[PDB]
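Colleague: So that we are looking at the same thing, I have put the structure below in structure tokens.
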RNA sequence: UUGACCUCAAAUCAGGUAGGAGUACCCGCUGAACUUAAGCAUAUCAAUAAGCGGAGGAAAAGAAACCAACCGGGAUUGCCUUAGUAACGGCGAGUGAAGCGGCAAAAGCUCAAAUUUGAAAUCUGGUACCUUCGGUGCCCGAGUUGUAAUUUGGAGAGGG
RNA sequence: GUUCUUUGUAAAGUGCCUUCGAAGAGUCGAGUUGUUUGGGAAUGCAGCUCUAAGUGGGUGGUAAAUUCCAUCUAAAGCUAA
RNA sequence: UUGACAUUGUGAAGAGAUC
């Protein structure tokens, strides 16, 4: 009965995933994870839907 | 997180923050509220005044339904109108058309008088009212229909 | 009833146009039932009185009902039952010892 | 052990309370067991949609009487009022509650209006054969929403007689408390010689 | 019918006729064994509204249970504990004399099933009961969809588990505010409301 | 003397059934003290642990002699909540539910009490064949001190 | 799905007016003794003593009498999730 | 060890206003 899971406010939980989405732009933070982006045309990377 | 606790700063010190004279032992002051008249009295007085004794009538089989009477001050009472429609009523405020506010629909049991609704006539349905509540409504130009 | 149409007072509560449908056939479980009237009569004129019912028709002749309703509240359970039990033993006295 | 300034706390652990601890780790593991058994039964039961009609009913006591709710069943009076028998309503997927009564006209007109639009909007398979399967719609209450009526209108005229509201509640409140004292006052009046 | 007359005659138990029969019968049984076979009901319409039929495979037994209270046994009345619990003589044994009777025949004939029992008689020393027993492995009861629910295994030894009519009173099982403590059963509802329910996300 | 009848027996009578194990969960009975109260005796521990009887894949409960005071609800059960509240208690330590509401699951029923009396219409078994978890005919038997059909309070029955 | 079987002068269901409407006792209830419950002039159970009624009875969380209203229909039985 | 109620039915004598 140790607490295992954790509640996070649904609005704050949403606050994080809208930062993580705004953070996949801004090339400088992508390189800081690895993710060799040097060769890619631009960022964000938008591919035709046919994929 | 136990890496943040202070007994992970007390490693190496003999008595672990509990003192070397009084030590730390099982129950020095008895379990729970024990001694509340006797050796903890000075504590109960000051920070629990009124703890001991009996006040008034018992009530057998009490139900909080009978006693349900939420209160809505004249402070708000315009919140119950849709904010899109609301500013239609503020401007162009006349009789022969007046907003019917059912306060029981919104879960309110009584309309109190706390203060100053505007000058717009309004029809307020309520179960209960207060003597000041209507005087301000009725002087605003509206009326209070009672319902059940 | 005619609920008053406001939140408090006499017949308090909402005004509703009503229906009053036909009643359940229970509510009648105390029904008269002519056969039973005929059975219970004949059972009484075989069995008769019971030992404490022969001392209720002593005291109704002698001491009256105030002592009879009192001795029949202790013998039965209740006061409201002691009424209708002494009501009986008048009929047993009367309809026998008179006409 | 009473110290400092703290709210008194009644916490009832003086029994052996660790024997009886129930932790739910299966909250998400019983949710799929429960969505299975509903899809099991959705197929087993044929286009019959898992649930029975329920009446629109009015909620009890003081607090809830303003809302309007789903009940257990349709009151043999309301059943027969739509033109079908009690025991044949069981087999059309209609719930029949024999113990509730109709003391109200606008719940009655509501539940019978509810059985009409149900019995026109369903098909019943001929007992013989065939049954050109209709693709079950798994929910009744999805197509039969329990709704709240409109008892008044938003805008309308103001009727001012000067009745005073609160003044009416004060009188109605006193007249209930002293009603009894009026008889045993007037009883002693009438019994005079 | 003839059973509406017998019904009322047995409601007068102090009537001069029945207090003659009670006195001649109670002498009969007290000579017979404590549990013995009743060739026939003593109250045909009492058994009959309790589920008895007259056919092969409905059996009646007549059982005599000692009367009085329960004496908490103990050696020499010493309870060894708080004086709260030091009572010996006046303790009353939470099952009834009737349900003790349905229990002792249910052991003697274990091939049968106890359907019900009723009060035939009593005196100072004993009470007397007749227990209606059904035989589930007899072919008459196994068919006849009315009575074949007693052959199912969950109905073994109904008396010892307290599923009879008189044992559901002792368990205190009824609907209403008076029975809240034991309603769905005592130990099940006690154990549900001591349970500390800890959800994954702590509410 | 002969047969019935009631009741009670004897069979290595014909055919069946129960016991013992498991026992975590379930139904009861029986039943503590340590401990808490800074002592202790009511209380608490606890209607618990040990002892005992009885079951199942779940058990138990269950279709109201229910809750209510409402514009009334509608079998049981479980979760969330009501609520650590109403209330109990050297009113000390402590103990402590229920109705409504939101959900998961949803399902209802048949007996005693009726003259079928122009027809015990009902049943077990032995036996014989057969299309065999059973069917058909026949022969002792149960049963009138009442077996089936009709009816269970929501109704319903005999009529017309 | 496909076939063989016509069950029966069978059974069932629906309106109308009449005549009826059976409904569980050493139990309900009561006093008391012990237990038990949050249940408090007594929640449940159990003992011993008393012992019902039939427009009756139980309940309506403060004992009682008086008169009403509301509610269901006890002392027999089954049932899945 | 005593009293009361129940087991517990049938009825006579003699004192006490039940023994």
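As a convention, Cβ positions derive from the backbone with ideal geometry for all residues, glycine included, and neighbour counts pool all protein chains shown. Each reported figure results from applying straightforward, stated rules to the coordinates on display, with no laboratory input.
Colleague: I'd like the residue in segment C:52-72 that is more than 14 Å from chain E (Cβ to nearest Cβ) and part of a loop (DSSP other than H, G, I, E, B) and, out of all such residues, is farthest from RNA strand H (Cβ to nearest atom).
Modeller: Per the criteria, the residue is C:60.
Here is a yes/no grid of residues against (1) away from RNA strand H (no atom under 16 Å from the Cβ); (2) surrounded by fewer than 12 Cβ atoms within 10 Å (Cβ to Cβ):
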site: E:43; (1), (2): yes, no
site: E:59; (1), (2): yes, no
site: E:69; (1), (2): no, yes
site: E:85; (1), (2): yes, yes
site: E:90; (1), (2): no, yes
site: E:105; (1), (2): yes, no
site: E:123; (1), (2): no, no
site: E:126; (1), (2): no, no
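Colleague: Let me confirm something: among C:49, C:42, which residue is over 30 Å from residue D:77 (Cβ atoms), within 16 Å of RNA strand F (Cβ to nearest atom) and within 14 Å of chain E (Cβ to nearest Cβ)?
Modeller: Of C:49, C:42, the one residue that is over 30 Å from residue D:77 (Cβ atoms), within 16 Å of RNA strand F (Cβ to nearest atom) and within 14 Å of chain E (Cβ to nearest Cβ) is C:42.
Colleague: Within segment B:91-106, count every residue that is more than 7 Å from every other protein chain (Cβ to nearest Cβ) and out of contact with any strand residue (DSSP E or B) (no Cβ under 9 Å at 6 or more places or on another chain).
Modeller: Looking only at that region, the number is 4.
Colleague: On to the next question. Hey, any hits in segment B:42-50 for a residue that's part of a strand (DSSP E or B), out of contact with any helix residue (DSSP H, G or I) (no Cβ under 6 Å at 6 or more places or on another chain) and within 14 Å of another protein chain (Cβ to nearest Cβ)?
Modeller: There is no residue in segment B:42-50 that is part of a strand (DSSP E or B), out of contact with any helix residue (DSSP H, G or I) (no Cβ under 6 Å at 6 or more places or on another chain) and within 14 Å of another protein chain (Cβ to nearest Cβ).
Colleague: Which residues, counting only those in segment B:125-148, are more than 7 Å from every other protein chain (Cβ to nearest Cβ), buried (at least 19 other Cβ atoms within 10 Å of the Cβ) and within 24 Å of the chain's Cα centre (by Cα)?
Modeller: B:126, B:133
Colleague: Given the conditions (1) within 15 Å of the chain's Cα centre (by Cα); (2) within 16 Å of RNA strand H (Cβ to nearest atom); (3) without any contact (Cβ under 8 Å) to a residue 12 or more places away in the chain, report the number of the one that residue E:163 does not fulfil.
Modeller: (2)
Colleague: Only one of these is in a loop (DSSP other than H, G, I, E, B) and within 10 Å of RNA strand G (Cβ to nearest atom): E:116, E:111, E:174, E:121. Name it.
Modeller: From the options E:116, E:111, E:174, E:121, the qualifying one is E:174.
Colleague: Touching a strand residue (DSSP E or B) at 6+ places or on another chain (Cβ under 7 Å), away from RNA strand H (no atom under 16 Å from the Cβ) and either in contact (Cβ under 8 Å) with a residue 24 or more places away in the chain or not in a helix (DSSP H, G or I) (or both) - does that describe any residue in segment B:54-69?
Modeller: Checked against the condition, which is being touching a strand residue (DSSP E or B) at 6+ places or on another chain (Cβ under 7 Å), away from RNA strand H (no atom under 16 Å from the Cβ) and either in contact (Cβ under 8 Å) with a residue 24 or more places away in the chain or not in a helix (DSSP H, G or I) (or both), segment B:54-69 yields at least one hit.
Colleague: Still on this structure: Pick from D:65, D:111, D:102, D:36: which is surrounded by fewer than 16 Cβ atoms within 10 Å (Cβ to Cβ) and within 14 Å of chain C (Cβ to nearest Cβ)?
Modeller: Answer to the check: D:65.
Colleague: Something else: Determine which single condition residue E:54 fails, assuming it passes every other condition in (1) surrounded by 15 or more Cβ atoms within 10 Å (Cβ to Cβ); (2) within 30 Å of residue C:33 (Cβ to Cβ); (3) away from RNA strand G (no atom under 12 Å from the Cβ).
Modeller: Evaluating residue E:54 over (1) surrounded by 15 or more Cβ atoms within 10 Å (Cβ to Cβ); (2) within 30 Å of residue C:33 (Cβ to Cβ); (3) away from RNA strand G (no atom under 12 Å from the Cβ) leaves (1) as the failure.
Colleague: List the residue pairs whose Cβ atoms are under 6 Å apart, where the first residue sits in segment D:1-28 and is within 7 Å of another protein chain (Cβ to nearest Cβ), the second is outside any loop (DSSP other than H, G, I, E, B) and surrounded by 10 or more Cβ atoms within 10 Å (Cβ to Cβ), and the two are 6 or more positions apart or on different chains.
Modeller: D:2/B:43; D:21/E:196; D:22/E:197; D:23/E:198
Residues checked against (1) loosely packed, with under 11 Cβ neighbours inside 10 Å; (2) within 14 Å of chain C (Cβ to nearest Cβ):
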site	(1), (2)
D:124	yes, no
D:140	no, no
D:169	no, yes
D:175	no, yes
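Colleague: Assuming residue E:144 fulfils every condition listed in (1) within 16 Å of RNA strand H (Cβ to nearest atom); (2) assigned to a loop (DSSP other than H, G, I, E, B) apart from one, which condition is it?
Modeller: (1) is the only condition that residue E:144 fails.
Colleague: Okay, next question. Determine which member of the set E:187, E:192 is farther than 23 Å from residue E:99 by Cα, free of Cβ contacts under 8 Å to residues at least 60 places away in the same chain, out of contact with any strand residue (DSSP E or B) (no Cβ under 9 Å at 6 or more places or on another chain) and within 14 Å of chain D (Cβ to nearest Cβ).
Modeller: The conditions single out E:192.
Colleague: Among the residues of segment D:127-153, what is the count of those that are more than 24 Å from the chain's Cα centre (by Cα) and either under 20 Å from residue D:41 (Cβ atoms) or outside any loop (DSSP other than H, G, I, E, B) (or both)?
Modeller: 5
Colleague: Next question, about the same structure. Tell me, which helices (runs of 4 or more DSSP H) lie completely within segment E:1-50 with 1 or more residues that are near RNA strand G (Cβ under 9 Å from one of its atoms), without any contact (Cβ under 8 Å) to a residue 12 or more places away in the chain and within 14 Å of chain C (Cβ to nearest Cβ)?
Modeller: E:3-9, E:18-31
Colleague: Now, a different point. Considering only residues that are more than 19 Å from residue E:156 (Cβ to Cβ) and either part of a helix (DSSP H, G or I) or in contact with a strand residue (DSSP E or B) (Cβ under 6 Å, 6 or more places away or on another chain) (or both), which ones fall in segment E:124-138?
Modeller: Within segment E:124-138, E:126, E:127, E:128, E:129, E:130 qualify.
Colleague: Please go through segment D:87-99 and give me each residue that is more than 15 Å from residue D:118 (Cβ to Cβ) and either under 16 Å from the mean Cα position of the chain (by Cα) or surrounded by 15 or more Cβ atoms within 10 Å (Cβ to Cβ) (or both), ordered by number.
Modeller: D:97, D:98, D:99
Colleague: Taking the options D:76, D:84, D:50, name whichever one is more than 16 Å from RNA strand H (Cβ to nearest atom) and buried (at least 17 other Cβ atoms within 10 Å of the Cβ).
Modeller: Within the list D:76, D:84, D:50, the selection yields D:76.
Colleague: So which residues in segment E:100-117 are within 12 Å of RNA strand F (Cβ to nearest atom) and either in contact (Cβ under 8 Å) with a residue 60 or more places away in the chain or within 14 Å of another protein chain (Cβ to nearest Cβ) (or both), if there are any at all?
Modeller: Result: E:102, E:104, E:108, E:115, E:116.
Colleague: Kindly indicate whether residue E:72 is within 9 Å of RNA strand F (Cβ to nearest atom), over 29 Å from residue E:146 (Cα atoms) and out of contact with any strand residue (DSSP E or B) (no Cβ under 8 Å at 6 or more places or on another chain).
Modeller: Considered against the rule, which asks whether it is within 9 Å of RNA strand F (Cβ to nearest atom), over 29 Å from residue E:146 (Cα atoms) and out of contact with any strand residue (DSSP E or B) (no Cβ under 8 Å at 6 or more places or on another chain), residue E:72 comes out as yes.
Residue by residue, here is whether (1) away from RNA strand H (no atom under 16 Å from the Cβ); (2) part of a loop (DSSP other than H, G, I, E, B); (3) loosely packed, with under 14 Cβ neighbours inside 10 Å holds:
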position	(1), (2), (3)
C:22	yes, yes, yes
C:31	yes, yes, yes
C:38	yes, no, yes
C:50	no, yes, no
